[PDB]
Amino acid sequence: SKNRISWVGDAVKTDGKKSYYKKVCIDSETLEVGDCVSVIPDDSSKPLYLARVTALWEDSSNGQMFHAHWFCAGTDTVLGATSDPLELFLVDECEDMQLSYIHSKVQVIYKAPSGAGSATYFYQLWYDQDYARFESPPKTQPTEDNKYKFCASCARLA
């Protein structure tokens, strides 16, 4: 909840009706144009709305405002849900909005296209096939007498 709201810096453009700014302080946090921001929906139950702050201005009419450029999640698309809650999509949805509606500052990055990467097998845990369990890998050490042919599973199964 944003209650203490102060402009940071002198105004960058003036409409003679709006006065635009580059930065605003809200509570302790400082927020610039291009930062991203979180908004609680009209339905508190629904997930948070996320947006980029594209402009900050003071209106003769209306007060201390910003323009939200919305993101949307998978569930707002043909896709239904999606594997990662952190996943987001650009969408051409906007709104002027009072700065006091801002829940929190958030971090949204762009994820450039990646390549397949190293296709190698990996393991993390040991499977006790007798008792149907996963443990952390047993740390059974070899001697220097049998290092050259050591099998950890021979060692335990003896």
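One-based numbering along the sequence shown.
Peer 1: Determine, for stretches 129 to 137 and 47 to 55, which one has the higher mean CA B-factor as deposited.
Peer 2: Higher mean C-alpha B-factor in the PDB entry: 129 to 137.
Peer 1: Taking the mean of the C-alpha B-factors per stretch from the entry, tell me the winner out of 142 to 150 and 7 to 15.
Peer 2: The stretch with the larger average C-alpha B-factor is 142 to 150.
Peer 1: So among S118, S104, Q107, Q98, who wins on Cα B-factor in the entry?
Peer 2: Spelled out: the listed residue with the top C-alpha B-factor is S118.
Peer 1: Rank-wise, by C-alpha B-factor, drop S28 into the lowest, middle or highest third of its chain.
Peer 2: CA B-factor rank for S28: highest third.
Peer 1: Of the three thirds of its chain by CA temperature factor, lowest, middle or highest, which one includes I40?
Peer 2: Its C-alpha B-factor, which the entry lists for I40, ranks in the middle third among residues of this chain.
Peer 1: When the deposited Cα B-factors of this chain's modelled residues are ordered and cut into thirds, is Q64 in the lowest, the middle or the highest one?
Peer 2: For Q64, whose C-alpha B-factor we compare with every modelled residue in the chain, the answer is the middle third.
Peer 1: How does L79 rank on Cα B-factor within its chain, lowest, middle or highest third?
Peer 2: It falls in the top third of the chain.
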